[PDB]
Amino acid sequence: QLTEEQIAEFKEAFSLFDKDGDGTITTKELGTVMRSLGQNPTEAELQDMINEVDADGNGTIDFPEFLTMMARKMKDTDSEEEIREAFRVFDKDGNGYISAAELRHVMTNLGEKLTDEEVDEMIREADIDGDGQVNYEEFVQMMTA
Amino acid sequence: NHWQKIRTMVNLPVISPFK
Amino acid sequence: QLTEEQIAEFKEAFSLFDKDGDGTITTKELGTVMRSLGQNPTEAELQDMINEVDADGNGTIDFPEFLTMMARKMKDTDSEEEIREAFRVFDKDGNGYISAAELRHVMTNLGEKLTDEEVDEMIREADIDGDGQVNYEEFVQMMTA
Amino acid sequence: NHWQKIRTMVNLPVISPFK
Amino acid sequence: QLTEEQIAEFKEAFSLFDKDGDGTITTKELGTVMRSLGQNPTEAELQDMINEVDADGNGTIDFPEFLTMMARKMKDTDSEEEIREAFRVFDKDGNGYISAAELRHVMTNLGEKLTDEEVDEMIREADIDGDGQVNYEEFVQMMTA
Amino acid sequence: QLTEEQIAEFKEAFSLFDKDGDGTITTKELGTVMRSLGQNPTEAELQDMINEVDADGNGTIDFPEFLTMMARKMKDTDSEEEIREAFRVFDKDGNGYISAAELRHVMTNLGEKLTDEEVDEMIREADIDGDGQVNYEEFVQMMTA
Amino acid sequence: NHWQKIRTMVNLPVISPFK
Amino acid sequence: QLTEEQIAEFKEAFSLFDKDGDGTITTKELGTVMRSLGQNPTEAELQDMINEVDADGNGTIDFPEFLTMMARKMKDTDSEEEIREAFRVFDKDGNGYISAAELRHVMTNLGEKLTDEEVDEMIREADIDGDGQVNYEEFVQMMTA
Amino acid sequence: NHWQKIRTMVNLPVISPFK
Amino acid sequence: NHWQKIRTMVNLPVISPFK
Amino acid sequence: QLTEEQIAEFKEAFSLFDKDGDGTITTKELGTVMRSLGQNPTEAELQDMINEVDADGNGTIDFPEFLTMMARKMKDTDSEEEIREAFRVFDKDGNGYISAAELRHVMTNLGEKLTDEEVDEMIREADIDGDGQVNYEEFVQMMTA
Amino acid sequence: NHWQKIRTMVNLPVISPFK
């Protein structure tokens, strides 16, 4: 049961995958976004992910299919485990901290190229201890908010 | 804001790139 | 087979009907938009319009249902007959001309309140003979464009 | 632009308020 | 036999480890600083490091214990081998050069977030051949100074 | 169990005694600070004070020894009797009031030379009755704060 | 502030110059 | 058959290797440039590369030898396979995109330290889809140009 | 320009660091 | 200065993070 | 054994001869530069000069051939006799002095068109006796420098 | 500078135009 607000957010997410703007997500487009953030799914794995969401079996995900799967499968909140996995992806050297560079890396690959001041403001919003980086607990707060 | 976009991408079932 | 561009346009159209932002269009919401532009459909008529688009039979139209019906039923272009009917709705005194006031009336009821300069610029775009109003042939050009 | 919004509302099958 | 000057420097070093400001360093706090700079000590290893400095055996290092160990164990100068090991840690891609990004990475994890101009000035102080990076011999000069 | 905050304060206190910056306090250095504030301890008395804090018996107090004695012997708060004794030392003519001149005298001998405006601001912070001096009860408030 | 420095010197066991 | 224009370009390339300016490239100098861009050739491999270009067998490459080998061995255009290999070297995390940071990394190690605006302008020249990074097809265009 | 320098380094037979 | 802080952290016996 | 610095100077000299920029010097191009400075070599003489430097016998001098001949045949310094001959060429009326006009004449034919201020500054650098011209001894100083 | 260019052209064996 999605609100206008949620639809707008999902449209933006769908659009990142749908890089050619044709209103469908292919295996290729899904693979591209995944690899761009450090995932290494095999082709068969990608194909399964598509087939899972592709209700009409025509081989691509369209927006109605995407929204329907969101309404059927999404959680109310980001789960604890999803937050731990996402922290891993941001903290790609595994040093325990998300740095401005690691944050910029993720944001650019989510289709948002930010200035240094904007990256720094993002960090500032999360940065409880004022050290200039986002640790695990600070990241949890930003994800549960 | 920008954090919201991360929240949305993290909570995508099936195809989230953050698994 | 809708593009990103088309989805964005349809989202905006859907949103005008969905005045409470809950991601569904009811009979009430459909009736409100219709009456706002001078239509007088009966309740049964409104109910039929909803039931026609409401694929899952839960009694409201959601966005996936709306997009699906658009992909299945829309024409490539605005048909000649649709343009004649729409001219009638704009030209509500039936004097043969769409005036700035009649144009403002429609735009406000489409969720776009414009300044006088913006209404005048809209007219200027259509106004081939420079008389300050949009006649039938000028309206056709704007609709087929 | 603004004209485009009219084009879209005119070409809505079933529920166009411009019939 | 530590001077005021040395005590002040050691206080600052101790304080980086003692991230909660409670005047003691735990195994957890030691592990955090180590991982932050690319070290992967096991828990037993960390525990041994603590026990080694923890004279009273209460399980944490306090400042008197830290200073005492410094006075007992420190070298007059940075040894040649310590400099080779530290170069390795700065030059984390192993390409033979410490870049502005690699320098920023280390400084931030030492509790000093610097502007671009400050990083560049740091490099400028070391940068004998003017190439904009710090090679091994330039790093030695900065360490023996 | 000293916090970072307390260590910093103690470092500053230790440093006033350790006038040559060599990281130890001698009998001579202790005598100098004492006489500077109007105390007249004999040499044997000074020697006893040193020996009391000098855990390793090498004849001087080092910073670890100082901090250890602070942790072992300090009170949570300034005691009532300590405040009465300190009032005596500030109020050196015994007229019942600490004047700007008497305050300047103490602050300079604590290693803080202040401008007239700074002395006056210090007084202003304590000066409940607005008479421009600090009486006994005003001094208590500043000491218990 | 400046008062804090006096508080610290007053609460030094053994070697306070304010006894 | 090299033009003045080509000689000037080759002089610049030769000069990057010849870091001490003595007009010859050693195995050491060749190894340094290679490692600086992520290659790990063994010493024997480096020696073979030198011996291959060193026509007079004195053990170093001089500029006449370099130019002669260029005239004898260079292709008219960058081959397709050379472009695929070079893309790999720029895209060092293998995420499918050359980022501003990856571009800066390469340029600095080619002896060109650029400002942020200059890196961004370089990208802008290649950046067909306007995403702020250079994908494989955009890189091909820049290489075949 | 800057791209040209990359073109040259890519087309160095034998010793290109971009192999 | 900033280099001094690196010198100090490099010369910490036992717990230097630069080993 | 040429340095980078020397190669750059030789590239510039070679380029003056190689007026069409094709990376080789012909008999024609050699004759043109020679006549431009008042020499009258016969064609056979020019041909001999080319053949002398043209190691591969293809009839033109290329840059590798030029550099090789420079390394094999050049003197460390300008010889005394070379300086006497060059003075003759500058001092073309044989009046004993190189004037601003005679200096401009040579510089323009060496591919450097200078403003009056630049010619005057050149003279000023050589002009020991301040007479506004360069005599033989002043010219020697500039050549041995 | 400009004098250097004259020095170079004077010290060209074989093909110096200043013989």
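All chains are identified by letter, namely A, B, C, D, E, F, G, H, I, J, K and L, in their written order; residue positions are counted from 1 within each chain.
Note that contacts are C-beta pairs under 8 Å (C-beta built on N, C-alpha and C of every residue); 3 or more make two chains touch, one makes a residue touch a chain.
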item	value
Selected interface, H-I versus E-F, where C-beta contact pairs are more numerous	H-I
Which listed pair, E-H, A-H or E-F, duplicates the contacts of A-C in over half of its pairs	E-F
Cα-centroid distance, subunit B relative to subunit C, in whole angstrom	34
Separation of mean Cα positions, subunit I and subunit F [Å, integer]	70
Cα-centroid distance, subunit F relative to subunit L, in whole angstrom	81
Contacts with two or more other chains, residues of subunit B listed in rising order	none
Overlap residues in subunit A, where contacts from two or more other chains coincide	36-37, 101
Full enumeration of touching chain pairs	A-B, A-C, A-E, A-H, C-D, E-F, E-H, E-J, F-G, H-I, H-K, K-L
Touching residues (chain side subunit D, partner subunit C) in the complex	1-19
Touch list for subunit C against partner subunit D, complex	9-10, 12-13, 16-17, 25, 30, 33-34, 36-37, 39, 49, 52-53, 69-70, 73-75, 77-78, 82-83, 85-86, 89, 106-107, 110, 112, 114, 118, 122, 125-126, 142-143, 145
Sites on subunit E touched by subunit F in the complex	1-8, 11, 15, 18, 21-24, 62-65, 67-68
Complex contact set, residues of subunit A against subunit H	19, 32, 35-38, 101, 105, 108-109, 111, 113
Residues of subunit A defined as touching subunit E within the complex	93-97, 99, 101, 129, 131-133
